[PDB]
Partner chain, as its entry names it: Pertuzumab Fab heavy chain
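First, one chain by itself: the form solved without the partner chain, in structure tokens.
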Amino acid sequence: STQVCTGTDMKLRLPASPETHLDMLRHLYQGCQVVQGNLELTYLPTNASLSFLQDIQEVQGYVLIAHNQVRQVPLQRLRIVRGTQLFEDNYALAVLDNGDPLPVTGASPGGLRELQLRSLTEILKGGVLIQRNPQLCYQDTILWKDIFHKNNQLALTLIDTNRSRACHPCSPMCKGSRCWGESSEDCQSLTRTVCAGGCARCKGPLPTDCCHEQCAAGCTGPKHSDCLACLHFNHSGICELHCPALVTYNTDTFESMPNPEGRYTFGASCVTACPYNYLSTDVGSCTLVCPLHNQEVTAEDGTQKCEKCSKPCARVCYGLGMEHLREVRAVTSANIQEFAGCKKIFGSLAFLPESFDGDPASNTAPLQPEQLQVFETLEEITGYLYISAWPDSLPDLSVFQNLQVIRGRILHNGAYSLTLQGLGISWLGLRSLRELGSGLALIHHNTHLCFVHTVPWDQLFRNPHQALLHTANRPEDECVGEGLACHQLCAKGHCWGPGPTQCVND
């Protein structure tokens, strides 16, 4: 079971499916406490209920809140933003264009009114960017320097105050007129700028109130167990600079010996075993991508480790986002052949309009339906599969009929492992697909698409945060109306298409 979830990576990109965007976020963050990656709350309408964000305590990446009409984003328990990643490379926190502009009295103007990040006492790396927020107050009465960590090398700020309404003053309870909102419970609590000795964080003014060095954001007691957050690692209750290595060395021989107290690194914590879908490494870490020349090794049970493949190392098929294809945003005639005979692909596959439109300027001839037969041997994709264009002549995605797993170690917009949109396909035909390691599935605006409801999607997912988002595909009544359905021989009514070849799970 998990208290950890993953953020997204969409930046300011428009959600392709406004009708399911919120449902995605909800699935993504509900019950979540620690957000690996980034917390991006964008393009939300004024009627958006965001209560599912109430348990978020820390965000490993950055926090983006932009282009929303909603009036409040309940992040009252967000204690720390590590900023392992930054918006525009500088900000750990970015609040942009949240308000309609850039029968009045009736409808209360849309837009964020107050931040209310009353628990946010720590930004390890990165700055604060707040711009064009018409109904926003108090952002200027906050002592950001206190929030920024001492070692924060990017304690930069860019706060806009041009408001479009008048602000009521902070509650009388707030000491130096510093608050996140009008409430008496929004007084900014300082934990750095008001400390004794020279300690980074503290509970009060007294030298005894100082927090343990390994703490971050704050503390209740003076012990390294009274931290509100761990600056580096939570080791089963105590914050430490590093975890216990997996091996102990011999004093004279210096020969490895397993360590009963050994733990891998996963986010800001020391764990005994890496969680599902992650890779265990030589260096005792939990990662989605292996070391220099080290490569994946699938054990029977599924636990894929990373072994030394420094010197003797068999070549593999890298996909989009990896190695030379790291910046390529689509499969084209210029790279299609690189996948010939690839059983497994380390990276992702994405097909866009241009893929089949071809780019005459680069003399990259359009991709041909027959060229797609290159993936017929493909059984695994460690990344994601994105398809926003497909040849009308082809009725399904049978070229991927032997695709068994899509780990989703890398997600589109950091959220979706499988995306099918604007296509002309009549059915999926992904007959061998038995798993989506992580990420959500998005299938929408596929007019002639049936056999979506016939797929046992729940069987493919592996964690509580996954689900299928779908809308605007061929109506189920029309499919059934045309008499379409799983072949009589399909055991439990489950199939990926029309024929007998499309049935599922016995």
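Positions refer to the first chain, counted from 1.
Only in words, not in the display: the form solved in complex with the partner chain, which the text now covers.
- At a distance threshold of 4.5 angstroms between non-hydrogen atoms, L292 is in contact with the partner chain in the deposited bound form.
- Residue contact with the partner chain in the deposited bound form: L320 places no heavy atom within 4.5 Å of it.
- Contact between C243 and the partner chain in the deposited bound form is found at the 4.5 Å heavy atom cutoff.
- Within 4.5 Å of some heavy atom of the partner chain in the deposited bound form lies at least one heavy atom of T265.
- Residue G284 is the only one of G347, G218, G414, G284 with a heavy atom lying within 4.5 Å of the partner chain in the deposited bound form.
- When you look in the deposited bound form, the only residue of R434, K343, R77, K308 with a non-hydrogen atom within 4.5 Å of the partner chain is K308.
- Contacts with the partner chain in the deposited bound form, taken as any heavy atom within 4.5 Å, map to no residue of 458-485.
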